[PDB]
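Accompanying notes for the structure given below.
Counting neighbours? That spans all protein chains shown, and the Cβs are built from the backbone with ideal geometry, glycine included. Throughout, read-outs are computed from the coordinates displayed, never taken from laboratory work.
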Amino acid sequence: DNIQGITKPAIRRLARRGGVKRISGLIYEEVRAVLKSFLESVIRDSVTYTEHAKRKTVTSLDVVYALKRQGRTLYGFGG
Amino acid sequence: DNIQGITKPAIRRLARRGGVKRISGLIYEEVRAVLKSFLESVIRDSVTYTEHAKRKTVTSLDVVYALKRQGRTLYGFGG
Amino acid sequence: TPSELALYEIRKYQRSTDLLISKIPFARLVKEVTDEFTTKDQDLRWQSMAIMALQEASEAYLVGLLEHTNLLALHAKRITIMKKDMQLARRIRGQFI
Amino acid sequence: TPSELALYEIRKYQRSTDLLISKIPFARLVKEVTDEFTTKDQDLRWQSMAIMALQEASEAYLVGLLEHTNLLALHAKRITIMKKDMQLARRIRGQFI
Amino acid sequence: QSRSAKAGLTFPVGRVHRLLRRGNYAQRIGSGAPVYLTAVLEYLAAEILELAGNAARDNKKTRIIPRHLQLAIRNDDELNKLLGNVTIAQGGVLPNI
Amino acid sequence: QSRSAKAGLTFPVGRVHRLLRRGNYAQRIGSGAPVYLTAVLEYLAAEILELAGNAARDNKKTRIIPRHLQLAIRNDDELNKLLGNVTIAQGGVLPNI
Amino acid sequence: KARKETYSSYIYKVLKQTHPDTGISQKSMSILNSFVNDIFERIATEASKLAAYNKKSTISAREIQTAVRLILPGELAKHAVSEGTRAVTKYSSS
Amino acid sequence: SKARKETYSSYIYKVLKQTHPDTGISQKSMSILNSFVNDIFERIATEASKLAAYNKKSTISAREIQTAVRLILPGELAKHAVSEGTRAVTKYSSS
């Protein structure tokens with residue numbers, strides 16, 4: 001629906017940051033696959049956090065929290 | 001030369017549990033090296049646990065706490 | 001110069017300190033992912049700040065995996081990455097595969 | 001049969017449930033590693049049981065890294081592992097490199 | 001009558017309650033928390049132990065052993081996510097093909 | 001006279017004390033523990049911000065920014081072990097050469 | 001008679017109800033005991049965490065319900081939530 | 001309403017004045033360094049009191065904190081950290 005919004009030139013630019021200088025196609029659609037997996041996992045964690053807080057605004061507190069839970073502590077925004 | 005006393009037929013049969021059958025010679029020296037590195041760190045953690053515990057005999061609970069902190073937690077011993 | 005321009009381009013977004021994915025796309029993407037994960041009745045709001053942190057974690061992981069997948073392609077004596085190549089790189093890293 | 005015998009050998013120590021490193025060697029190895037890590041005055045004893053757990057962790061990690069390094073060699077379209085190959089496999093796994 | 005008896009759970013929920021007390025998890029320990037988590041733990045143990053029963057059946061050894069435990073827990077795909085970094089003592093590793 | 005002043009520390013030893021009380025780690029707290037912890041935290045903060053200031057000198061500007069911080073933390077190979085899991089906000093990523 | 005405690009006997013009778021004929025080696029029993037200990041530690045650390053997060057003095061059955069939902073993969077999570085709710089209801093009896 | 005939020009930003013800025021008197025700090029950098037000390041505080045204190053529980057001793061104390069820091073820090077930084085903790089607590093006890 002909008003995973004295509006993460007588009008092939010955009011992931012090309014990501015891969016320029018990655019240091020590549022040749023990239024085939026199917027790389028692209030599966031980069032969308034891995035991004036889907038990452039987003040849904042962390043989103044589920046933050047969602048569970050807020051809904052246990054009986055709130056309905058998943059919040060950066062719960063996002064940095066879900067990230068630390070996933071094992072990677074994004075860092076700079078409180079936390 | 002205790003790490004050389006860790007014999008090359010030994011490293012070979014370990015490779016064969018590892019599922020490989022052909023291994024270069026310097027793999028034996030550098031598998032000795034990786035064993036050395038992991039042993040060094042886990043020994044650091046367990047020895048320091050032991051030192052703090054005041055029972056200066058290195059204990060299985062010290063070893064398993066070392067592995068646990070390392071993320072390499074091992075079962076059957078802390079139980 | 002194709003190579004000179006593209007390599008210079010690597011360096012400038014390599015040392016650029018900031019996120020680089022398209023933003024309204026990413027925000028609506030997380031919004032619809034929450035909407036589909038969430039159900040009929042309970043719906044969840046998102047402020048600027050959660051969307052922020054989600055973005056930075058996604059950027060950082062995909063760039064890390066990106067050097068690793070680039071490197072598995074380098075190990076194939078080539079400079080294209082493929083499905084199998086990266087698929088593997090990630091899966092060797094273990095999580096989510 | 002070289003291949004038949006050696007593959008059968010893989011399977012039998014693959015499904016063998018037990019540790020397989022030489023024991024008096026491993027024990028004196030940990031003993032001297034503790035001795036060199038420890039100093040002049042404070043010396044540390046080891047019972048059977050700590051040596052046990054150390055052994056099993058070492059076995060398990062090296063066998064895990066072993067399938068991974070075997071696999072990086074498989075990815076090189078070969079079946080020897082080398083320094084660079086494994087060196088990398090481990091280092092891609094991250095810790096201790 | 002006993003709290004551990006009326007719980008209808010094998011593991012004594014009184015022990016779990018006082019473990020939570022000394023575990024410093026919070027200042028007050030809700031009485032439903034230890035019984036609930038004791039039941040969750042009992043179900044997980046039931047998973048491991050019905051795997052133990054069927055592994056004893058398959059391997060013909062009536063009493064479960066660590067080899068069978070490691071094989072079954074490594075075959076349990078969903079559970080390995082919980083026990084990914086985890087490793088089992090004297091269990092070897094499941095055969096790779 | 002304040003506890004931080006009596007210690008020669010800049011950081012709030014009293015705040016570390018009360019936070020240890022809030023963090024429910026243990027019921028009895030040695031009086032030397034909060035001051036020791038505050039000293040450790042002050043040392044680490046001073047080291048990282050000095051590295052960031054030298055990075056700013058390298059970038060020829062007189063204000064610290066997250067890029068300076070990210071460059072310093074990634075370049076220092078010991079603090080990169082200490083914060084290997086962290087990714088910095090607007091911090092970027094380090095070049096290949 | 002200074003006795004010593006463990007989960008071994010309770011785990012043993014759990015195995016009896018699952019499969020009364022099947023036995024268990026003592027080291028496999030230790031694996032199970034350390035398994036229950038590790039999952040208890042995980043859920044209880046999550047409980048302390050969530051309590052500090054909601055600034056609540058106590059551990060609630062519902063906040064550890066949430067902790068189980070965080071920690072367990074979906075299949076084991078649904079089974080565990082059902083089992084724990086059932087056990088709470090049956091423990092409430094007297 | 002909005003409650004007063006805990007921060008170490010004043011102390012961070014003061015130590016930067018001691019180090020480089022002419023240097024300022026960006027807001028994002030300041031939030032980053034404010035998060036540094038809390039993250040470290042947690043990952044020291046939890047490990048230290050867990051080690052105390054392993055001792056089966058009631059009190060979290062200076063020896064426990066020293067051991068926890070020297071466990072979790074990489075060694076090169078750990079030497080400096082333990083030396084500075086020891087000298088700081090000694091200077092305090094000398095009061």
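As a test, work out the antiparallel percent of DSSP beta bridges whose residues both lie in the protein assembly as shown, rounded to the nearest 5. Mind dumping the intermediate values first?
On the way: 1 of 16 bridges.
Restricted to the protein assembly as shown, the bridges split so that about 5 percent are antiparallel.
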E:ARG15-H:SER58 pseudo-label distance in nm [points 7 Å out on the Cα-to-Cβ vector]:
2.5
Everything considered on the Cα gyration tensor (a ≥ b ≥ c; rounded for a/c under 1.5, else prolate if a/b is larger than b/c, else oblate), the protein assembly as shown must be described as rounded
Taking amide H atoms as placed 1.01 Å from N in the peptide plane, list the residues 5 or more away in sequence, or in a different chain, whose amide H sits under 5 Å from that of F:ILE64.
H:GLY24, H:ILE25, H:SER26
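Take H:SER49, C:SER3, H:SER35 and order them by how many other Cβ atoms sit within 10 Å, fewest up front. List each step's numbers first, then the result.
Working: H:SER49 24, C:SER3 8, H:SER35 21.
The most exposed by this proxy come first: C:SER3, H:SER35, H:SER49.
Given a Förster distance of 45 Å, report the FRET efficiency between B:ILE3 and F:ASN75 from their Cβ-Cβ distance, rounded to the nearest 0.05.
Values: r = 33 Å, r/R0 = 0.73.
With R0 = 45 Å, the Cβ-Cβ based efficiency is 0.85.
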Between A:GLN70 and D:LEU5, take the C-beta separation as r, use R0 = 51 Å, and let me know the FRET efficiency to the nearest 0.05.
0.65
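So which of G:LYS49/H:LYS50; A:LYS56/C:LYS31; A:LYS8/A:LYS36; B:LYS8/B:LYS36; B:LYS54/G:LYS27; D:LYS83/F:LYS81 end up more than 18 Å apart, counting from Cα to Cα?
Those over the limit are B:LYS54/G:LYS27; D:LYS83/F:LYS81.
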What distance in nm separates the simple spin-label points at F:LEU94 and H:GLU76, each placed 7 Å from Cα in the Cβ direction?
1.1
How large is ³J(HN,Hα), in whole Hz, for each residue of the stretch G:47-54 in order, when computed from phi with the Karplus curve 6.51 cos²θ - 1.76 cosθ + 1.60 and θ = phi - 60°, using x for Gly and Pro?
5, 4, 4, 4, 5, 5, 6, 7
Mind sorting C:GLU67, G:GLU75 by how few other Cβ atoms lie within 10 Å of their own Cβ, fewest first?
G:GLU75, C:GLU67
Residues in the stretch G:19-51 that a label on E:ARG63 would reach, taking backbone N under 13 Å of a point 7 Å out along Cα→Cβ
G:22-30
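By counting other Cβ atoms within 10 Å of each Cβ, how are F:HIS68, E:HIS68 ranked from fewest to most? Don't jump to the answer; show the numbers that get you there.
Values: F:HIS68 27, E:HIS68 23.
Arranged by neighbour count, lowest to highest, F:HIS68, E:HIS68 become E:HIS68, F:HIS68.
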Using the beta-carbon distance between D:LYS83 and B:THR57 and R0 = 30 Å, what value does 1/(1 + (r/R0)^6) give for FRET efficiency, to the nearest 0.05?
0.20
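Assign one of three labels to chain C, namely rounded, prolate or oblate, based on the Cα gyration tensor with a ≥ b ≥ c the square roots of its eigenvalues; rounded applies when a/c is under 1.5, prolate when it is not and a/b is larger than b/c, and oblate otherwise.
Numbers: a/c = 2.98, a/b = 1.60, b/c = 1.86.
The shape class here is oblate.
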For the stretch A:67-79, 3J(HN,Hα) per residue [Karplus equation, 6.51 cos²θ - 1.76 cosθ + 1.60, θ = phi - 60°, Hz, x = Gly/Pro]
6, 4, 5, 5, x, 10, 9, 4, 8, x, 10, x, x
Set of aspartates and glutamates near F:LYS60 by C-alpha distance (under 19 Å), chain-local residues within fewer than 8 positions excluded
F:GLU50, H:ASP22
Amide H neighbours of A:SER24 under 5 Å, counting only residues 5+ apart in sequence or on other chains, H built in-plane at 1.01 Å?
C:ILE81
